[PDB]
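A lone chain, given as structure tokens: the form deposited in one PDB entry.
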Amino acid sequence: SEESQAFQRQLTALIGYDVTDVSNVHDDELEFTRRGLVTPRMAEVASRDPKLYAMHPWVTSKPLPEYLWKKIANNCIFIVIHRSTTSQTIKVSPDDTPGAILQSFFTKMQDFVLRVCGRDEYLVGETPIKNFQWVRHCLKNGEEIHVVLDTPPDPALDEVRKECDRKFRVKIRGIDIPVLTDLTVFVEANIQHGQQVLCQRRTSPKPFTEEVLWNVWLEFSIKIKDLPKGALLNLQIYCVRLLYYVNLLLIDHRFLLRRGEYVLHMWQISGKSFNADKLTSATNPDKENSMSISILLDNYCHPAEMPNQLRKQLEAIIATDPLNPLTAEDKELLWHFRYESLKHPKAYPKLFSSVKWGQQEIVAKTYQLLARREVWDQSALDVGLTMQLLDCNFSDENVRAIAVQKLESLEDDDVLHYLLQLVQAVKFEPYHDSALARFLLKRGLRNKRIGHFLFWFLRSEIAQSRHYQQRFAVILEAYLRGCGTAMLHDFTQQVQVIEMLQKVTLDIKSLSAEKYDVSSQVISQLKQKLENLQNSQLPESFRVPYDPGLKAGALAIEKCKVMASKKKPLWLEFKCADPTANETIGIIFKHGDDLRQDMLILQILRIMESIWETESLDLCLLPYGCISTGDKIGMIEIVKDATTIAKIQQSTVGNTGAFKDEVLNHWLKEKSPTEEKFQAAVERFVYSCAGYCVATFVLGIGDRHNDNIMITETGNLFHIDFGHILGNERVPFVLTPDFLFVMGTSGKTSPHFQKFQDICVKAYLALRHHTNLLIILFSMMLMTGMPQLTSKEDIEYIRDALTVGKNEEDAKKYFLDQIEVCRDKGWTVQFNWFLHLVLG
């Protein structure tokens, strides 16, 4: 269809990849998935309520924080309402439905609805107004709720376009590389299931040349019948170091044994190791420069009491952390007692790791074992436990499915919290179509906020990842067909803006080189280049990718500028597109840093906050919006009235930092109109400082330069630029005499310092109860998100930091000890960091 191809071509530009391209595939798996996702899509599009979907209400079922309910006081809430005239305030009960409030507003005066001024947000459906996330946000900021009486959006804008017992063996013919001194080479063939190697065979070393021919049958111990679904054939070339690797599913999406001739273009590695890239079933799209290996496959297949002491033995095995390796005896015990182990959900990840997947009999029993789901099905949802089963350790679709089952109950605000990690978890899936993928698809189509972030998280991987881009493109294309024409329009104009600006970002960086800072000609060029973009192409308005609630209008070209960083990032400001708002929308465009890392780190910060909320703790973290738009390129939210802690020192002392503890406090008063807001700043600081002290310490990002820490004029302090630190005289975290001086302590105790410690302890202990969740989120992040090869060692930093197994008291002191390490060297580390900046 003429108009059907233009619609597909439209999808291609939004996706950033062409899913109609079969050039890179040795089979139909991707295409089979594109069609497979057709059903679960149209099913969700038909399920969602048009009105609620159009207004995408953002709500939470979580209990109101214990500290905030105190703010409720009289049990009355002030809510302002304006249409063109009326400023009149109406007092409503916390449990009152927005609709019932209209009936109350119709009495003082329904086809009209309540919207939030300056943003696109709607209070709608039946939920208590206390359950609306945006409302809770105003309270925490000590802000009054301002709502505009408005007409509901037309749901018609959301309409979607009409739609053998023999042993296994493989013949290695040879390898070929287009181009390159007397070296040696051999191929390694592994049969892998969930990172576990079932059988291994290597060829005989042959002289390394542009072509090497073997034609040898590599025979394996494993029988064809014993091959578990999701099993990978891992082919690896060896120089004794690994050169290239490629993967082929021995059993396809159709449950068929893979058969016939295959020529696979492999991936090249980097020598100096857990990486999600090594798992990909995708062949290298570049056939020009990539090594290839030819193989042949021909196999014909059409298809009660537990002794007290041992109980104590596995219970301890169940109780150990996710990163605790299971010994041989560990697994045998778990398995023989599996029916007992099935009563403990927390033991599942370890139990299914005790399964021998290279045996059909065992796998079958494993299914008989899953046949009784009672304990698991009825158990309270545990994310850290659920996600544990979604990682690289499990290739079995049925095992992974039970995890996806639990996720079904997360609803909306929890999905957003874990959305990023879940999207990354797709890389662990053996097949393109999967329960997890279908889960993400459905949830994205059901909610616009979840769908918006789904879009960008997928585009991020599609752009900079040649390994998973094909699978993700297929998933994104699926979503784009069900999201409606309105969103398709929003994404379109968001993508245009992003492309125009990135071009400017890179063109600006190419000048001024690495150093020498900013030329007057570089300032001018940007000013001109922007007005040239504002002239024609740039959309009159666009939705802010990291905050879809925000609609950005025309640029402020006078407010824009190039930053002093050696990476010459852009500082951009847009006028608010919504007339019901003055304050501009700040955004930073940077190249040369990998913002996928920043992205992941920031998402964990938001997760730590949620944990602290249930514990009735508000640490005032400031997880600013960050979106990776491509390779070493992306956008960053600008927190208003915020400056670096380094600039505050230079504003007083001078070029190179020397002491001056008092400077910190001096700045806070200067930026405080009234001591009332100064004492409020000190309060905001002591909490925020505590938050980032505990959070950063756990993630191992605790030790940072003075220039990577910022503070708002209102006292809120927050870290930035998490990209390099994870790969690059340590200090547990940053705690400085200048920070202490604001608390009243000098290298000695103060009322605020005691407050500080009590906060840290309560915050640090509240995380340890979640220890497993943090461990798996952390390890996953390293595997999917860290280009630098993640090892068993790096992932184990968070085990020590969280003091696993240590007494809650023993841990309480352990953290109070880390604080003591800070005062021991006050400026020592920061002074070296300042010395490290020059060299070297």
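By rigid core we mean the largest C-alpha set that fits within 1.5 Å across both forms. Residue numbers run from 1 along the displayed sequence.
The same protein also has a form deposited in another entry, omitted here; what follows describes it.
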Inset, instruction - Fix the rigid core, compare C-alpha positions between the shown form and the other one, and report which of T60, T33, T790, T771 shifts by 2 Å or more. - result: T790
Inset, instruction - Check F589 against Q788 at the C-alpha atoms and report closer or farther in the other entry, compared with the shown form; the change is 3 Å or more. - result: farther
Legend entry - Closer or farther in the other entry, the Cα atoms of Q788 and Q502, when the shift from this form is 3 Å or more: farther
